[PDB]
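Everything below concerns the one structure shown next.
Naming: A, B, ... by sequence-line order, numbering from 1 per chain. For the numbers below, each heavy atom of this structure counts, side chains included, while hydrogens, waters and symmetry mates do not.
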Amino acid sequence: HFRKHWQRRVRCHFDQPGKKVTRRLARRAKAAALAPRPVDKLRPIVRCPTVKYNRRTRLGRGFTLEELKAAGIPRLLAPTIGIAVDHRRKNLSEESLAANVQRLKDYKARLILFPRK
Amino acid sequence: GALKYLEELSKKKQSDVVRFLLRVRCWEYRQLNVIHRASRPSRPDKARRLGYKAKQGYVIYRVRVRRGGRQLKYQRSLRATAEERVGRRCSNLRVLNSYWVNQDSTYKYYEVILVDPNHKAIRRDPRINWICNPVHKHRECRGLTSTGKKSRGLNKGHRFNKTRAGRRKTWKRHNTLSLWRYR
Amino acid sequence: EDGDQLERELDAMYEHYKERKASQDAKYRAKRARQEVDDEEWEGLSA
Amino acid sequence: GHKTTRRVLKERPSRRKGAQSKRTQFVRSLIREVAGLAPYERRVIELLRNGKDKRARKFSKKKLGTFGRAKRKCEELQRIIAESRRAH
Amino acid sequence: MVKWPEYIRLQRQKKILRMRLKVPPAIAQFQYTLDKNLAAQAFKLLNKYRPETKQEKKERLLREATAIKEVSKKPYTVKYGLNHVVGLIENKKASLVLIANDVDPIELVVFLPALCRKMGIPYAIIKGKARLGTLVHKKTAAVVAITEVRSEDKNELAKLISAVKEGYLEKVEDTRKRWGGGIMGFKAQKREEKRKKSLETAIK
Amino acid sequence: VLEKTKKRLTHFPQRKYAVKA
Amino acid sequence: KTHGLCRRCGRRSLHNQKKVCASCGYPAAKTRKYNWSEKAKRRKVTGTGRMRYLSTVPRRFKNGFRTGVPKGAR
Amino acid sequence: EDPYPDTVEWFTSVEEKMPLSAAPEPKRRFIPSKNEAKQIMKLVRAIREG
Amino acid sequence: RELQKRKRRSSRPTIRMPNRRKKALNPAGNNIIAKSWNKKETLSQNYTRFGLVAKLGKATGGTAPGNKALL
Amino acid sequence: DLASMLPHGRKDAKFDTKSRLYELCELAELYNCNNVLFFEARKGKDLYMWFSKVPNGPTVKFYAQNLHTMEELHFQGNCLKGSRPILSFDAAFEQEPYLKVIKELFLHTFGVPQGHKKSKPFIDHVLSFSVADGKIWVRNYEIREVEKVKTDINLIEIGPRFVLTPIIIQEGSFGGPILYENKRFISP
RNA sequence: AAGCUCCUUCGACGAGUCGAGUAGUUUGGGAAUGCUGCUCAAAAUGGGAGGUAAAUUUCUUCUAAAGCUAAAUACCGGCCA
RNA sequence: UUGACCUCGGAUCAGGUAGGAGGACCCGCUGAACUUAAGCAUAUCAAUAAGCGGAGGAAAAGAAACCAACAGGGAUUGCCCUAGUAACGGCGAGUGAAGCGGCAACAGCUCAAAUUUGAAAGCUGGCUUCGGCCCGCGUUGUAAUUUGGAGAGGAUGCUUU
Ligand SMILES: [Zn+2]
């Protein structure tokens, strides 16, 4: 399967440890900047789509508007206090709604807020 | 709401009023030069919808390009050709966006909206200082306008697998042989 | 009022322009010299 | 499949993209009156007044390219004819 | 003979084409305008209700600022701007509308007479976007409107409404739904007998 | 920057926070 | 002879009939260059000459394009 | 056929006695101008500062 | 290559670039985190001493035995 | 192929899937057509073939499978376009009440009226419908006459070869109550 | 100046563009995979793409023809190490 | 007789800007043949090389007219497997993706469509004693408000700089 010019299109990963070190230094750069804050945002729990993977959950993009409202976290404040927001997703089920509001309540219980200035 | 009335009127193109105006206006453009400065937009609703503002710095230039084919078919559009020619004439301006105004049987007429990146009003106003930034030089030559995006196929879905994210880039990525350290 | 004089001037200038651009071939000028005029332009005198 | 409790979702304005705008309909009617008709629309009007409605449908399909577009064009033109008869 | 400059030739050619082309009614109605007496009366009222200049507005604001350092009625002015006036017309706030005849692109005002007739607002077409724009303090006004006047001028405005509507709208109702143009002169008609006798006689 | 973005940043600026282990 | 001196590139390669340099193409604004001759490209690429100003740019970048005089200098 | 037919007013012949918009009327069209209030206050600040 | 040979042959000095980085690698200031941060330790170790969560996502691998920063 | 074999029938291009199926009854009225042959393709893979009588007749929906077309070069047979065909039907077409309604719909469509001016005068092909599985097998043969040994017919397959599984027969043009439903159809 | 709440009031969303036919080119991809040229040329409970034998074209999912945007990505050239 | 507007011009007018180089990587256009296989022809090489145009420290792409058919997911980019699978091919030579899933990194926004109409509230200049003075652009629309998993307007009560 070499009818084309793989020799001029071939790539080697000799910098795998170098990129690993660079990425680790980037994560420390973020935590030096956002020092008391986690280096990521809280992501919701979402069930995988197809029949093959619907028995498991993963992390999604962001929390839905009405599940934020049920958790008691205002929309314009959630991205500020470090919660990802996804306006495209619909809950469609009390199960997903309840799981995500419980996750947001846990975040609320474990969060520390500093009073502006 | 006058712009909405003009939007409906421009959708009704073969109507009598619009046909008459397009005829007498096509004769004017044929009497004028191939590329000329247009004092004002001939279709103000289309211009304002495509981003034309009545500031100092927004210029409108009208261009006619010969229509047809080379049986070979050119991959870019007559819009792209008109935009590139207008930009080359006004090499100091950034091509914002173009629109069809009149067709004719041997030519085709486009008005191109251009912005002056060096004018103080443009520099101070946001929403346009992005085009002041230097990554937007000759968008019409690089295919970064609406016609360029359409011709390059920048749509998401199963019908644009090969062409989105760059066709040559996708082909190169698919035709690279990746060899890791621990194989 | 009806722009008749202006139309006549414009038509005369257009005819001059056409005649000049055509009379740049000298084959057109040979044809024009050898071409004979017709009588349905002289109609009006008596017939 | 699995049993999950359905939730009633709020109305989506993107779903309300369906046009019920009375003002937009007004603008379309006024622009129709002001601008007039295309020559093929004049042909369709002529056939509709003479009762050659089947021929008009065929010509509208040939000009537009689809049964539905031809049907909507003929309905719009028949409405124009009825309104003109009422106005005269 | 003599050679005209190209732009002069083009604009005179446009004058000829404007007179010769058969124009749709939506532009023939703009070809029909009003007369000197009605223009003078309308401009008397509108000159009484001209808006403030920038110098006058700055002077007024300075006057109130000085007064505050050391409670007014609603102003009544002539309304201008296509979008503003069209909004007033659709909301039936405009009592009188004046539309310039020389707007290019015409499409900016071609619908305005029909819209005014539909909404029942009296309108007139005046010769002058520069006359209209010097009525306002600009270079060009495509359309102006009178919405509300003072009590000292309510009767004058009502009388102007009656005068405009009768002595202009009756004649334009007579001739506004017909095509314009077709003002063939001697040269045009003679060229057309020449064409007809060159075509219909023997060969085509 | 635009006035609306200025207002949004004035009334909802990035907060200082921490999450307990 | 069909080749005299070219003022732009200095080679005895300007045709005397065509008045075009066979090496650089002097009358044209661009310098003649083709991708099938890497040797010619590397013969006339940057670095083969004097580097009048591009050699001085990097130090100004290093110090940050800073202007003025040292404080307390005479 | 008639090449240049007259326009039959099938839509404008009927007069509507109401506006187009049912949108509510704002307060600012009845109350004095906050924009001039702002400008006058800036002018007052300028005069006080000299 | 020709430019490099020209530089190695000329008497002009080499413009040695200092190792500056766009982003700082340690917290700085007069705050608690800045005064308690250990620059010879890693992010996770520092957060474990602090009692704080650094990552709010799923573990992408095995942590240290005493790691309490990766929820 | 079917349109070429049908001189009393005319083509019609792509039909909107969002349109109602009885809108096909008003397309028929426009072209004065009393019979409709509707090719509905699903997923771009499966053909569903509808036969109806507009405006109040019976309709039949079938799933069409195993398609071979006249441009396939294994056929070897050819016939006059528009020639009137001898229609051959298996015996089950006069036994099962459902297969008798399919028969009259096939006779009205693939019949080619006697005096039609767009027809050819000499007849040279036979169109056969057979019931082998719970399916209709359609074949087309050229009648080749060869002299007897001291003229008799040979048949050479010429054209389309397709299989139709009946799904529903509904009393109506493309609606009304269902008179037959297969209850044994397996979908791709 | 701003966020939220409620409601006997409103809610405007991109046209020679979609689409149809056709020629060339391209793709694993005639429901044309995309693109371009020519001819014709739209809609408003609209339009696009899918699901579906399920009895009718039901259901599902999004809003095109205006625009901006760091990061993870590439690198035989530039300043170095 | 004069004065406005529109359009088009002059100036070594006042102030600016583009050309060329570089092109490793990037975005477009244009575009082969040697080679391989097959009665032949398409195909393959290759949407490559060569040629032309245009940027940057990255570019490009990007916040669904998306993917799905599930209990659904949720801008873009890249790695791993998906997979030499689906698919197109004398179902030759062969060509050849993508959804899901694990990961790295994550960030959302600006307009056009609405009349500020109780007040063009917007902006370029050039004269400055640097405080504000005029020339103008602009109503054929420059500010503020809004951008459809929205929004506006009123009322209302808290909370915000
Ligand atoms: Zn030279």
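An OP1 or OP2 oxygen of L:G101 is reached within less than 4.0 angstrom by a side-chain nitrogen or oxygen of A:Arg58. Regarding contacts with the backbone of L:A107, a side-chain N or O of A:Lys41 is found under 4.0 angstrom from either OP1 or OP2. Within the 4.0 Å cut-off from OP1 or OP2 of L:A49, at least one side-chain nitrogen or oxygen of A:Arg8 is found. When the side-chain nitrogen and oxygen atoms of I:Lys58 are compared with OP1 and OP2 of L:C103, one or more of them lie within a distance under 4.0 Å. Taking only side-chain nitrogens and oxygens, G:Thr31 comes nearer than 4.0 Å to OP1 or OP2 of L:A21. Distances shorter than 4.0 Å separate some side-chain N or O of F:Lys7 from OP1 or OP2 on L:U145. Residue B:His138 places no side-chain N or O under 4.0 Å from the OP1 or OP2 atom of L:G53. At the phosphate of L:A47, neither OP1 nor OP2 sits under 4.0 Å from any side-chain N or O atom of B:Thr170. B:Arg142 has no side-chain polar atom (N or O) that falls below the 4.0 Å cut-off from OP1 or OP2 of L:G28. Side-chain N/O atoms of B:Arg173 include one lying less than 4.0 angstrom from OP1 or OP2 on L:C79.
Projected onto RNA chain K by closest heavy-atom contact, J:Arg20 and I:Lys7 fall at different nucleotides, the more 5' of which corresponds to J:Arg20. If you find the closest nucleotide of RNA chain K to D:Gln20 and to B:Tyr99, the one lying nearer the 5' end belongs to B:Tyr99.
L:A14 makes up no base pair with any nucleotide shown, lacking Watson-Crick or G-U wobble contacts both under 3.5 Å. Pairing of L:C52, defined by two Watson-Crick or G-U wobble distances under 3.5 Å, is identified with L:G28. Remark: K:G29 base-pairs with no nucleotide in the shown strands. Criterion, Watson-Crick or G-U wobble with two distances under 3.5 Å. Figure legend. K:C35 is base-paired to K:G24; pairs are counted as Watson-Crick or G-U wobble with both atom distances under 3.5 Å. With both pairing distances under 3.5 Å, K:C40 is matched to K:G19 as a Watson-Crick or G-U wobble pair. Base pairing of L:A60 is not made with any nucleotide, judged by Watson-Crick or G-U wobble geometry with both donor-acceptor distances under 3.5 Å.
Taking 4.0 Å as the cut-off between side-chain N and carboxylate O, J:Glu40 and J:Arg42 count as a salt-bridged pair.
Residue I:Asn19 is classed as having no contact, given no heavy-atom separation below 4.0 Å to the nucleic acid. The residue E:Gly133 sits apart from the nucleic acid: no heavy atom pair falls under 4.0 Å. Residue-level contact check: E:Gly87 touches the bases, meaning some heavy atom is under 4.0 Å from a base atom. Nucleic acid contact for B:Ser178: sugar-phosphate only, since backbone atoms but no base atoms lie under 4.0 Å from a heavy atom of the residue. B:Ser151 comes within 4.0 angstrom of sugar-phosphate atoms only, judged by non-hydrogen atoms across all strands, and of no base. Contact annotation for E:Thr134: no contact, since no heavy-atom pair falls under 4.0 Å across all strands. Looking at heavy-atom distances under 4.0 Å, B:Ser39 makes contact with sugar-phosphate atoms alone, never a base. Using a 4.0 Å heavy-atom distance criterion, B:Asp45 is classed as making no nucleic acid contact. Residue-level contact check: A:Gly60 touches the backbone only, with heavy atoms under 4.0 Å from sugar-phosphate atoms and none from bases.
By the salt bridge (charged side-chain N to carboxylate O under 4.0 Å, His left out) test, B:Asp45 is found to be paired with B:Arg49, residues two or more places apart in sequence or in another chain being considered. The side-chain contact (heavy atoms from CB on, under 4.5 Å) check on B:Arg168 picks up nothing, with sequence neighbours excluded. With sequence neighbours excluded, no residue forms a salt bridge (charged side-chain N to carboxylate O under 4.0 Å, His left out) with D:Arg69. By the ring-ring contact (aromatic ring centres under 6.0 Å, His included) test, A:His13 is found to be paired with B:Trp180, residues two or more places apart in sequence or in another chain being considered. With sequence neighbours left out, A:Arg55 forms a side-chain contact (heavy atoms from CB on, under 4.5 Å) with no residue at all. Residues satisfying the salt bridge (charged side-chain N to carboxylate O under 4.0 Å, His left out) criterion with B:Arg76, sequence neighbours excluded, are B:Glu84. The salt bridge (charged side-chain N to carboxylate O under 4.0 Å, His left out) search around B:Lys11 returns B:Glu8, not counting sequence neighbours.
Counting only distance, with no hydrogens or angles, the side chain of B:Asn175 and the backbone of B:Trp171 share a donor-acceptor pair below 3.5 Å.
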(message) For a quick check, with a 4.0 angstrom heavy-atom cut-off, what is the B/S/- contact string for nucleotides 119-126 of chain L, read 5' to 3'?
(response) BSS-SBS-
(request) Summarise protein proximity over nucleotides 63-71 of chain L in one line of letters, 5' to 3': B for base, S for sugar-phosphate only, - for none, counting protein heavy atoms closer than 4.0 Å. (result) BB-SSSSBB
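Listed nucleotides L:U140, L:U145, L:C52 differ in distance to E:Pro105; the shortest reach to its side chain belongs to L:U140. The side chain of A:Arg89 sits closest to L:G73 out of L:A50, L:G73, L:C6.
Looking at D:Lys22 and D:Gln25, their side chains never bring a donor and an acceptor atom within 3.5 Å of each other.
Applying the side chain to side chain donor-acceptor pair (under 3.5 Å) definition to pairs two or more places apart or across chains, those involving residues 140-157 of chain B are B:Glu83-B:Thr145, B:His138-B:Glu140.
Evaluation of atom-type donor-acceptor distances gives no pair under 3.5 Å for the side chain of E:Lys79 against the base of L:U115. For H:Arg29 and L:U116, a side-chain-to-base donor-acceptor distance below 3.5 Å is absent, hydrogens and geometry of angles not being considered. For A:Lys90 against L:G73, no side-chain N or O and base N or O form a donor-acceptor pair under 3.5 Å.
With P as the reference atom, L:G99 and L:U76 are 10 Å apart, rounded to whole Å. Nucleotides K:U26 and L:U48 place their P atoms 12 Å apart, quoted to the nearest Å. Distance check on atom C1': L:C27 versus L:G56 gives 11 Å, rounded to whole Å.
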Protein-nucleotides 83-90 of chain L N/O pairs closer than 3.5 Å?
from: L:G84; atom 1: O6; to: A:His1; atom 2: NE2; distance (Å): 2.6

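The nucleotide range of RNA chain K contacted by chain D, defined by atoms under 4.0 angstrom from heavy atoms of the protein and reported 5' to 3', is K:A12 to K:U63.
B:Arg168 reaches into the major groove: its side chain has a heavy atom less than 5.0 angstrom from a major-groove base atom.
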